Every structure is written in C-alpha cells, then in structure tokens.
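Next come the chains, spelled out residue by residue.
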Amino acid sequence: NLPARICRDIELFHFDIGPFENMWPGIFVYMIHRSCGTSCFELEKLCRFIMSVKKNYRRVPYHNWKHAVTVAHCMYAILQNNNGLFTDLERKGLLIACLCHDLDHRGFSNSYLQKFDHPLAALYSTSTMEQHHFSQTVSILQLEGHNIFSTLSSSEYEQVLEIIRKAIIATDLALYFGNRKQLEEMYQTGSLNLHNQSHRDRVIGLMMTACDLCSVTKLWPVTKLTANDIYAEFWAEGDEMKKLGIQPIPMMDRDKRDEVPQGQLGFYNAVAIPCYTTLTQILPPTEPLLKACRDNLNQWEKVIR
Ligand SMILES: c1ccc2nc(COc3ccc(-c4n[nH]cc4-c4ccncc4)cc3)ccc2c1
Ligand SMILES: [Mg+2]
Ligand SMILES: [Zn+2]
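Residues numbered from 1 in each chain as written, not as in the entry; some residues may be left out. Chains lettered and ligands numbered in written order. Heavy atoms only, no water.

If you check the header, you'll see the entry was determined by X-ray crystallography and the resolution is listed as 1.700 Å.

Written as structure tokens, this is what we have:
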C-alpha cells in the first residue's frame, strides 16, 4: 500500500516516480483504481498484464519502463484535474495506452530505422515505432490470462483498442505539429466541439503529446537530470548514423554537445511551450504543466547567460 508522502505528492503534476522500480506497478494500480474504480479490472489479470508490459520494455537510457509509468502519471494528473470530461472507457484506455506507448523501444528514432532499412520500417512505413508499440500492446493483451478488457462487450473491446491505437500513434511527435495547428485554429475560431469524435481524438492526441513530453514540466533538478538520459539515446543514434556513413543532425551529434542549451531553447520555443499553451486553453486545470515548462525555459536561458 502507498506511503503517505506518495499518496499526497502523486496528485502534483510535477510528481517524480522515484528510483524504486518495484514500487512503480503499485503506483500504476493506485492511479487506475482512483480514476477507474477498484472494480474496473480484476486485480490478478491487471497485475499479470502490468508485469508482462514491464518485461517488454528494454533497458535503454530514456525510452524505458520508468518513462512509461511517468507518462501514465501525467495522464492521471490531467484526468484527475478534469473531472467529468472523459468517459470511463476513455480513462481506462488512456492510462493503459500511456503504460504501453513505447513498448519494445530500442532507443532509436523512426528516422534511424528508415535509414537502417530495418524490417519494422518495411512493415510500418510511417510512425514506425508507434505502430510497433500498438502491435506489442495487442500481443500482450492476447496472452493467456492477460485480457484486462475481458469483462467488456465485444463492441467496447473494439472501442477501447481503437482509443489505445489512436493515443499511441499520436505520440509520434511528427504528428504533433499538424494536430496542434488544427486545435489552435479550432480554439481561436470557437469551433472546437468536444462532442465531435474527430475533435475529441485531436484533444486526446494533444494530451498524449503533453504527457509524453512531461519531463519538461518537472522541477528543474528533475528536468536537468532527465535531459542526460534523452541525449544518451540521441548521441548513441548519432554514432550509429556516422557508422552508416550519414552525418547526424546536430541534436544527435555528441560533438555538438556544448550547444545543448541553444537546442533546448529551440525545442521549448517550437514544441513544448506551444503544446502546453494549447492544452491549457482547452483544459484550464492543466495550467501547472505550462507554468513548470516556462520555468524550465527560463532555467535554460539562465544557463546561456
Ligand atoms: C546541439 C545539441 C543539442 C541540440 N538539441 C536540440 C533539441 O534537443 C531535443 C532533446 C530532446 C527532445 C525530446 N523529444 N521528445 C522528448 C524530448 C525531451 C525529453 C526530456 N527532456 C527534454 C526533451 C527534443 C529536442 C536541437 C539541436 C541541438 C544541437
Ligand atoms: Mg515514443
Ligand atoms: Zn514516450
């Protein structure tokens, strides 16, 4: 059962899930129980599922099991602070989607898989890794005793899997730019309609981006340390690009590491700030994410000065 400090602090947008890996499954179950009810899933099935998901995350620097639970926590915080907006099915689906959204990640981008001519790029030409993450999700659900959705009707099963698929695919950051552009237009013209499924899907897409990127919404010590892990992957990919005979983009080139503060500035400006700004416009209770993002932006500016 959850420690008093965790029960309190888990409700903060900037909660960090800690270094104790064995505690993370219980943290996830607690979040499920609080958003979805303790009758939502059979506990044994749920526990079995979570442990098989863990097993299919790799020991990479950033796109790992810790990332999965962290993304799920951010989703929990959004859902908790936006009571009555999302359906029981959406809430279950979105939390499970976040837990599964990077399944079997190798620590390489879609672009690298394409340049490598990896068999996954042949199977899934666009959003390669994300299509794979969804495939892994389905495969796990299909294992004996793992169908946490077995109490749903056939129709609800299909429905939740579609919610999950859309949510996982939305974590392809390539898609964020177009999605955010559409949403911002809908906001400003007052045409955003949460009862319109296509609009609803976009909002959920943006939520998935917000959650995926949430390391930039933590307090500075957490954010600064996390940046070490993301670049560890990117620089390794840069090395691999060099080995293919291809000059990596500066973000992936360890030789350009002194330029990290300027690169961060670019990212906050082009992606992070616009993301949380748009999210806050649609879901005002999510403002703490934007506040923390702006604070981290200032810290990078301070590093530069
Ligand atoms: C030289 C040196 C560094 C450079 N960096 C950049 C942009 O760097 C990033 C880093 C991470 C991410 C990111 N993508 N998805 C989640 C994250 C993330 C996760 C945790 N913390 C920060 C970002 C996006 C951009 C550009 C040019 C550069 C040139
Ligand atoms: Mg991903
Ligand atoms: Zn992710």
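From N to C terminus, the chain includes 14 helices and 0 strands. Reported as C-alpha extents along the three principal axes, the dimensions of the chain are approximately 55 × 45 × 40 Å. Within the chain, the fraction of its 305 residues that count as buried is 51%. Partitioning the contacts of the chain with sequence separation of at least 6, the portion at a separation of at least 24 is 72%. With the model as given, the accessible surface of the chain reaches about 14600 Å², and the carbon-plus-sulfur share is 52%. Side chains of the chain carry 31 positive and 33 negative charges; the gap between the two charge centres is 3 Å. (Helix = DSSP H or I, 4+ residues; strand = E, 2+ residues; numbered from the N terminus. Buried < 20%, exposed > 50% of the residue type's maximum accessible area, 1.4 Å probe, protein only. Contact = heavy atoms within 4.5 Å. Areas by Shrake-Rupley, 256 points an atom, 1.4 Å probe, with all protein chains shown as cover. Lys, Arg positive; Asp, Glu negative; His and termini not counted. Charge placed at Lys NZ, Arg CZ, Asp CG, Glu CD.)

Turning our eyes to something else, we now look at the pattern of salt bridges. Under the defined criterion, the tally for this structure stands at 14 salt bridges. Across the salt bridge formed by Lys 166 and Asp 201, the nearest N and O atoms sit 2.8 Å from each other. Separated by 35 residues along the polypeptide, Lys 166 in helix 9 (residues 154-170) and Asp 201 in helix 11 (residues 197-212) bring together distant segments of the chain. In this structure, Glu 240 and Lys 243 form a salt bridge, with 2.8 Å as the shortest nitrogen-oxygen distance. Placement of the pair is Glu 240 and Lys 243 together in helix 12 (residues 220-244), with a separation of 3 residues, close to one helical turn. One connected set of salt bridges, linked through shared partners, spans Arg 5, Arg 8 and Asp 9. (Salt bridge = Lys/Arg side-chain N within 4 Å of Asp/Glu carboxyl O.)

Bringing the coordination of the zinc ion (ligand 3) into the picture now. Those protein atoms acting as donors to the zinc ion (ligand 3) are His 67 (NE2), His 101 (NE2), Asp 102 (OD) and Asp 212 (OD), and they sit at 2.0 to 2.2 Å. Geometry at the zinc ion (ligand 3) is irregular, judged from its 4 donor atoms and the angles of 87 to 175° they form at the metal. A gap of 3.6 Å separates the zinc ion (ligand 3) and the magnesium ion (ligand 2), which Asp 102 links by coordinating each metal. A residue pair is termed long-range when its members are at least 10 positions apart, and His 101 in the loop between helix 5 (88-100) and helix 6 (110-116) and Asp 212 in helix 11 qualify at 111 residues. (Donors = N, O, S within 2.8 Å, 3.2 Å for Na, K, Ca; no water. Tetrahedral: all angles 85-135°; square planar, octahedral: opposite > 155°, others 65-115°.)

This next bit is on the UniProt feature "active site" in the chain. Those places that UniProt annotates as "active site" correspond, in this numbering, to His 63. Topologically, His 63 is positioned in the loop between helix 3 (43-55) and helix 4 (65-80). Non-local contacts of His 63, meaning those with residues more than four positions away in its chain, are made with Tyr 57, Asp 102, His 105, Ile 230 and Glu 233. (UniProt positions renumbered as here; feature names shortened; annotations may be inferred.)

Turning our attention to the nonpolar core. Core analysis: the largest hydrophobic core is formed by 91 residues, its most contacted members being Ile 96, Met 207 and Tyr 276. Per element, the largest residue contribution to this core is 11 residues, and it comes from helix 4. Counting residues in each nonpolar core, the second largest holds 6 residues, with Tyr 112, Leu 113, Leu 120 and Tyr 124 among its members. (Core = buried A, V, L, I, M, F, W, Y, C linked by side-chain atoms within 4.5 Å.)

Along the chain, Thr 226 falls in helix 12. Judged by its relative accessible area of 17%, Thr 226 falls in the buried class. If we ignore the near neighbours within four places in the chain, the residues touching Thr 226 are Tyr 62 and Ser 215.

This next bit is on the side chain of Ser 127. Mapped onto the secondary structure, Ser 127 falls in the loop between helix 7 (119-123) and helix 8 (128-141). Each residue touching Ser 127, except ones within four places of it in the same chain, is listed here: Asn 110, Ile 169, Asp 172 and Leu 175.

Every one of the 15 residues lining ligand 1 counts as a neighbour, but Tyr 231, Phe 234, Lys 256, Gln 264 and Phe 267 are closest to it. Coverage of ligand 1 by the protein amounts to 86% of the 600 Å² it exposes when considered alone. Residue assignment for the shell around ligand 1 shows that the elements contributing at least two residues are helix 12 and helix 13 (260-282). Top contributing element to the shell around ligand 1 by residue count: helix 13, with 4 residues. Residues belonging to the shell around ligand 1 are distributed by class as follows: 10 nonpolar, 3 polar and 2 charged. (Near = heavy atom within 4 Å. Nonpolar A, V, L, I, M, F, W, Y, C, P; charged D, E, K, R; others polar.)

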